[PDB]
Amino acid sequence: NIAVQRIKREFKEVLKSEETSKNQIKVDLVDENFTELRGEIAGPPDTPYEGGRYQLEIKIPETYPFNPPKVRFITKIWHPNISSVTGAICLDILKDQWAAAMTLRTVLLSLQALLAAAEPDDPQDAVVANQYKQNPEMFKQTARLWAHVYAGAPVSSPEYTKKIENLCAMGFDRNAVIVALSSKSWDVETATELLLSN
């Protein structure tokens, strides 16, 4: 890691940040060479991610800082700019609006800002972005359910929970069941048809 001096310094900057002191962001070491880090960000209040905490995989590519760190959500999340399957992120500063002087703290706060406001014009996940536009209320409840199931947020829809339980009772994988129902407007018939398609 040729950039190791800088990553160590930016790591320490997050550790000492005001935003870490306010439990908004944090970072942890993964490998002993600082080429992989684990970030975490708080769901903003008055969003469906409130009360949740989201862990982030941060990999530093050999071409950093000319190319950006590669960041993905470890914690599953329902958001138009994040893949509901992989955690991959679509965000300007992580692709062609990256500037070499940007810091790890900036990246973490940009992601927390993304949770406050989606950019559905430039989505990662077309299914989620479609729902966000076409049925904002179901989008909100679906995001809240994922924040409860995956990110530790308080309880969500008991009706969504019962649909998930019913399909898990057929023996389908829980995560597959959640994404099938969330992707099919919580319609048990069509989510089950998706599950049977693989």
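Quick note: we count residues from 1 along the sequence shown, nothing fancier.
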property	result
Stretch with the greater mean C-alpha B-factor as recorded in the entry, comparing 21 to 29 against 186 to 194	21 to 29
Higher-B stretch (mean Cα B-factor, as the entry records it), 46 to 54 or 150 to 158	150 to 158
Options 79, 105, 95, 72 - largest CA temperature factor per the record	95
Lowest, middle or highest third - CA B-factor, residue 167	middle
Assigned third (lowest, middle, highest) for the C-alpha B factor of residue 89	lowest
Chain third (lowest, middle, highest) by recorded CA B-factor, residue given as residue 117	highest
For residue 136, the third of its chain into which the C-alpha B factor falls	middle
